[PDB]
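Let me begin by presenting the structure, written as structure tokens, before commenting on it.
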Amino acid sequence: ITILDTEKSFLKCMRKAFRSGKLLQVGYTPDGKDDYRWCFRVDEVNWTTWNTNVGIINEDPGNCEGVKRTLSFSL
Amino acid sequence: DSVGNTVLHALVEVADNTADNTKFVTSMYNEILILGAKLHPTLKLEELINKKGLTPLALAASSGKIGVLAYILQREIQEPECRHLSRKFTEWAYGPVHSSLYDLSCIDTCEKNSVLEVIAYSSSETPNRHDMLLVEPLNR
Amino acid sequence: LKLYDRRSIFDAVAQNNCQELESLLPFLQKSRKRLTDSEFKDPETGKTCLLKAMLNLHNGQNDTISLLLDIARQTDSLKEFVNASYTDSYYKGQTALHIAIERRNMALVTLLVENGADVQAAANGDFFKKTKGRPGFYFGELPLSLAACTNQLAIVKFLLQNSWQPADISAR
């Protein structure tokens with residue numbers, strides 16, 4: 001409730017309230033367009049399973065401000 | 001109906017947090033969105049509101065529904081032609097390490113009823129307000 | 001004489017249309033070029049046509065890779081070709097072998113090491129370091145350390161017992 005009341009009290013904080021905004025392209029919508037939806041990020045691990053993944057956005061790992069999207073995307 | 005609820009609203013109203021009910025609510029909640037896009041790809045099913053102005057995401061947060069809330073935030077539809085309905089997008093994987101893009105469209109103080117607002121400002125007659133801050137895109 | 005630039009070759013590598021890859025050999029015979037040509041490498045991260053084939057993987061078995069290796073032996077720069085690596089600072093030294101061991105592909109390891117891919121190439125890049133603040137995976141920065149930490153028991157024997165160029169169990 002502290003975090004919400006501080007955001008309502010300042011307009012210049014509301015343009016800074018976009019926590020991990022990044023306006024990222026994600027996938028392809030119908031009528032053949034980019035996604036462009038504000039997205040966060042997280043990290044996990046898994047060792048019990050072999051961690052098979054069906055769909056992966058970025059074929060090449062890491063986040064170094066340069067990416068190339070995977071051809072797993074249909075459109 | 002007269003209250004303004006649609007099919008995706010009513011599945012939230014008929015949830016009662018038991019682990020058997022969480023199974024077939026989110027399973028039936030899944031099948032309507034896909035079938036919504038096949039009949040009407042121009043339609044956006046979860047934008048709609050009732051007379052209180054709530055979305056089916058925010059209606060699950062306004063009440064105490066935790067399993068329907070944890071599903072909608074962590075929603076990925078893996079099969080193609082209906083992948084844009086997803087919300088949790090995994091970006092890359094290097095063996096164990098698994099990086100994901102959660103989405104912040106309706107949540108995170110952007111709209112009239114964001115679920116970060118509606119959880120905290122709820123009048124404590126709705127249960128499990130404390131529980132609904134445990135899901136992954138909110139708690140981080 | 002069909003033309004080739006950096007973009008059209010990488011796309012033929014990516015989308016797995018081998019019909020586009022049938023005149024890439026006489027074109028490099030025309031332009032006096034090898035597959036290890038400076039125009040062929042991607043500029044910001046030094047990704048080769050072999051490295052692009054490793055990431056793009058259809059059903060576990062890409063078949064573009066075996067056709068690149070058939071051209072590289074004709075242009076006889078094969079030992080420099082497979083040993084090409086990323087020169088990006090986030091990616092210093094990751095080779096074709098670090099990818100195949102990673103993706104749990106037994107056969108793709110076997111085809112790489114026979115063509116002169118040196119198994120002692122070290123991934124001295126900032127993803128492969130510790131980086132306790134940054135996102136990263138620390139396995140020990142070496143292919144034998146990669147097969148051992150990722151539970152692959154078949155490959156950790158093969159890298160020590162391959163007849164072409166065996167590995168070092170004591171390297172660091």
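Neighbour counts run over all protein chains shown; Cβ positions are idealised from the backbone, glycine included. Every number here is computed from the coordinates shown, using simple stated rules; none is lab data.
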*If we scan the range A:34-50, do we find a residue that is at negative phi, free of Cβ contacts under 8 Å to residues at least 40 places away in the same chain, within 8 Å of chain B (Cβ to nearest Cβ) and among the polar types (S, T, N, Q)?*
yes
*Spot the failing condition for A:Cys39; the list is (1) buried (at least 16 other Cβ atoms within 10 Å of the Cβ); (2) in contact with a helix residue (DSSP H, G or I) (Cβ under 8 Å, 6 or more places away or on another chain), and only one is missed.*
(2)
*Output the qualifying pairs, or none if there are none: Cβ atoms under 9 angstrom, residues six or more apart or on different chains, first residue in the range C:54-83 and within 14 Å of chain A (Cβ to nearest Cβ) and under 12 Å from C:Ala96 (Cβ atoms), second residue in a loop (DSSP other than H, G, I, E, B) and of a type in the set (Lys, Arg).*
C:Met54/C:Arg103; C:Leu55/A:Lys68; C:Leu55/C:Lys47
*State yes or no: is A:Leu71 touching a strand residue (DSSP E or B) at 6+ places or on another chain (Cβ under 9 Å) and part of a loop (DSSP other than H, G, I, E, B)?*
no
*(1) more than 7 Å from chain B (Cβ to nearest Cβ); (2) within 14 Å of the chain's Cα centre (by Cα): which one isn't true of A:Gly27, the others all being true?*
(1)
*Could you tell me which residue of the range A:51-75 is farthest from the other protein chains (Cβ to nearest Cβ), considering only residues that are touching a residue at least 12 places away in the same chain (Cβ under 8 Å) and β-branched (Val, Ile, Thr)?*
A:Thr70
*Which pairs do you get when a residue that is more than 14 Å from C:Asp5 (Cα to Cα) and in contact (Cβ under 8 Å) with a residue 40 or more places away in the chain, found in the range C:18-38, comes within reach of a residue that is surrounded by 14 or more Cβ atoms within 10 Å (Cβ to Cβ) and among the hydrophobic types (A, V, I, L, M, F, W, C), reach meaning Cβ atoms under 9 angstrom, with the pair 6+ apart or on two chains?*
C:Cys18/C:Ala12; C:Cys18/C:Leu67
*Given the conditions (1) within 15 Å of B:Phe89 (Cβ to Cβ); (2) surrounded by 12 or more Cβ atoms within 10 Å (Cβ to Cβ), report the number of the one that A:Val54 does not fulfil.*
(2)
*helices (runs of 4 or more DSSP H) contained in the range C:89-172 and holding at least 1 residues over 18 Å from the mean Cα position of the chain (by Cα)*: C:143-149, C:153-158
